[PDB]
Structures are given as structure tokens and as C-alpha cells.
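As C-alpha cells, one chain now follows by itself in the form deposited in one PDB entry.
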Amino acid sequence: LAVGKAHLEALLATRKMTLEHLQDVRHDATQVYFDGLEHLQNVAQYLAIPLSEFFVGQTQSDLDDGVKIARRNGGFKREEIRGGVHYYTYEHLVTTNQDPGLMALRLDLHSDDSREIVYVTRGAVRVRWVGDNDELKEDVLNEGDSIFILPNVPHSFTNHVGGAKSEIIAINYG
């Protein structure tokens, strides 16, 4: 395995160490080499550092000058059909490796059966969620309406009336 040397000796700095205190690890020119993940994990144990930290910032950014652009129907797109019933049409919006917590989706609602924000781009949307004391709460969101949802709140979005196809923008973040 290959690890960014400048980053590794930055991690070693937090433990008041250098490349010296690593047992037989080949290195030269801003690169440190481990023979196997089990080897790196043993180094991870020794430094009392989780394995994930050794890759932090090692992935090349997918941004173009601090910006990433996605196109309609450009990324992942899927249909959700369970039991012959057409429910959703999933589509990824712009996703970046600079914020894995960010998940943006465009949803075409067809059927009548992390923090999150949801905006209704078209049609009437029927929203359910479990309030406190396990009370079944429901409401109808129309075009222009938006909703904020606290983490760990059971909720579902569907088409209000049926026949008419609705569309929402769902953003999950941190």
C-alpha cells in the first residue's frame, strides 16, 4: 500500500514520533510503502490511530477550482419498482468526495403508497412522519413548499392524489 509521506509524518507528529520509530518501512520521495493492509493496521494499532486517518486527504479532489458540476441524467439513476408498483425514480445530483455526508437526490414520485431538507419542485407531495408518543403525523406539500427533518425521524414521501406525477429535491447533509 502507498501512503502520503507528508501526511503520515504529520500523523506521527501528533504522537511525537517520526518515520524513525516505524519498524522497517520502505520510503522515499513523499511516499511510504506498506506490504499489506494488515501491516498498516499493525502500525495503526501502535500509533493508537484508527486506520481511516491514514487515508485522510490522500484521495484526489474531484472539484474543478473548488467547484463540482453534475448534469441532469448524468450520474446514477434508478427506478424503484416493488411488486409491480412504480414508486420512485431516483437520480443523483452533484456528489463530491469533499463531503461524503452530502447526499442530493431528485425524486419522481409515482405511486400512492443526517439532517435532511426537501423542496417540492412540482405537484403535490404527501409526507408522513412519526412524532413523539409515536403519533402518526401527515401533511401535504405543494410546489414551492419545503420541509426540514431532524435526524432519526421516520418519514416517507409519496404522491398525494395519484395520476399526477410529483417531483422533489432531497438533500441530506452532516
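Each residue number is its position in the shown sequence, starting from 1. If you superpose the two forms and keep the largest set of C-alpha atoms that fall within 1.5 Å, you have the rigid core. Only residues modelled in both forms are compared.
Unshown form deposited in another entry; subsequent notes refer to it.
Peer 1: Align on the rigid core first; then say whether the Cα of residue 99 has moved by at least 2 Å between this form and the one not shown.
Peer 2: No; that C-alpha moves by less than 2 Å between this form and the one not shown.
Peer 1: Residue 82: after superposing the rigid core, is there a C-alpha shift of 2 Å or more between this form and the one not shown?
Peer 2: Yes; residue 82 is a residue whose C-alpha shifts (by 2 Å or more) between this form and the one not shown when the cores are overlaid.
Peer 1: Taking only residues present in both forms and a 2 angstroms threshold on CA movement, what segments of three or more in a row shift between this form and the one not shown once the core is aligned?
Peer 2: After core superposition, the one displaced run is 79-87.
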